[PDB]
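All chains are named by letter (A, B, ...) in the order of the sequence lines, taking the proteins before the strands, and each is independently numbered beginning at 1. Reckoned from all heavy atoms, side chains included, excluding hydrogens, waters and symmetry mates.
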Protein chains: 2
Amino acid sequence: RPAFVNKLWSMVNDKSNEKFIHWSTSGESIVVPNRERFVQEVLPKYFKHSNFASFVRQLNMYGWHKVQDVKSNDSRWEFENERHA
Amino acid sequence: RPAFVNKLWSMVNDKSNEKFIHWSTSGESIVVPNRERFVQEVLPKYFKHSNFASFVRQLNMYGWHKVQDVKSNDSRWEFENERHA
DNA sequence: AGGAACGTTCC
DNA sequence: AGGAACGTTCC
C-alpha cells in the first residue's frame, strides 16, 4: 500500500493524534478540528517538508474530499471518501 | 552506488555493447563511436524512456564531460571525467 | 563505508 | 493480491 495511504491510516488511528485528527463516530469521515494545530503537531510526524495544501492534494488522489456543509470556522476540516457502501 | 553509476559501469563493460560504447585503451575515457546507434541499441537496455540529452545530463552529475578535440563527425562522442590521477 | 529502512514499480 | 526487484535515503 502507498506510503500516503499507510501514513493517513496510522495518523488517524494513532491515539496520540486524537485531538487533531480522528474518525467520526460512524467512521464515514476523518475529522480535523483545527488545521493549524494539525499542521503544527501531526503532519511533521508523518511527512518530511509538507503543508496542508500538499496533504489535501494527496488525500484527493485517494478519493478523499473536503466536506462542504457550512452555511455562510474555516479552521475545521473534514474529509469523506468518494467510495462508500 | 546510484543506479546511473551502476548502469554506466555495466553498459561500458558488458561485451555485448562494445561496438557502441567502450573504454579507450587507456581507460581515461568512454568512447561512443556513433550516438544514434548507441541510443537505438544500448540506451533502451538500461533506461526506461530516456534520450541522449538526459543521458549526457546524468553523466555530468557524476563529473563526466564531453571531450572537445575537433578542429572545424558530430556522431562520435567521447567522455572523460573531472577526477583523475 | 556499508547495511537498515523505507518506497515504488516490476513480475 | 502479494512478493520480488530495484532505488534512494536514512541511520
Determine, step by step, whether A/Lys45 and A/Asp14 satisfy the side chain to side chain contact (heavy atoms under 4.5 Å, CB included) criterion, reporting the C-alpha distance in whole Å, the side-chain angles of both residues, the deciding distance to 0.1 Å, and the verdict.
CA-CA 12 Å; A/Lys45 293 202 301 116; A/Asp14 185 336; 4.3 Å; yes
Is there a side-chain polar atom (N or O) of B/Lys7 under 4.0 Å from OP1 or OP2 of D/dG7?
yes
Output the rounded distance in Å from [atom1] ([X]) to [atom2] ([N]).
X: B/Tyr62; N: D/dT8; atom1: OH; atom2: P; value: 7 Å
X: A/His49; N: D/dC10; atom1: NE2; atom2: P; value: 8 Å
X: B/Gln58; N: D/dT8; atom1: CD; atom2: P; value: 9 Å
X: B/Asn6; N: D/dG7; atom1: CG; atom2: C1'; value: 10 Å
X: A/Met61; N: C/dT8; atom1: CE; atom2: P; value: 12 Å
X: A/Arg1; N: D/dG3; atom1: CZ; atom2: P; value: 12 Å

Per A/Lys48 side chain, nearest of listed nucleotides C/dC10, D/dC10, C/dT8
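Taking heavy atoms from C-beta onward, the closest nucleotide is D/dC10.
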Let me know which of B/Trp77, B/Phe79, B/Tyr46, B/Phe55 forms a ring-ring contact (aromatic ring centres under 6.0 Å, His included) with B/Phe38.
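The residue from B/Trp77, B/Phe79, B/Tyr46, B/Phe55 that satisfies ring-ring contact (aromatic ring centres under 6.0 Å, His included) with B/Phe38 turns out to be B/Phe55.
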Determine whether A/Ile21 and A/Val39 fall in the same hydrophobic cluster, where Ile, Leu, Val, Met, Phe, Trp and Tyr are linked whenever their side-chain heavy atoms lie under 4.5 Å apart.
yes
ILVMFWY cluster, B/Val70 and B/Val56 together (side-chain gap under 4.5 Å)
no
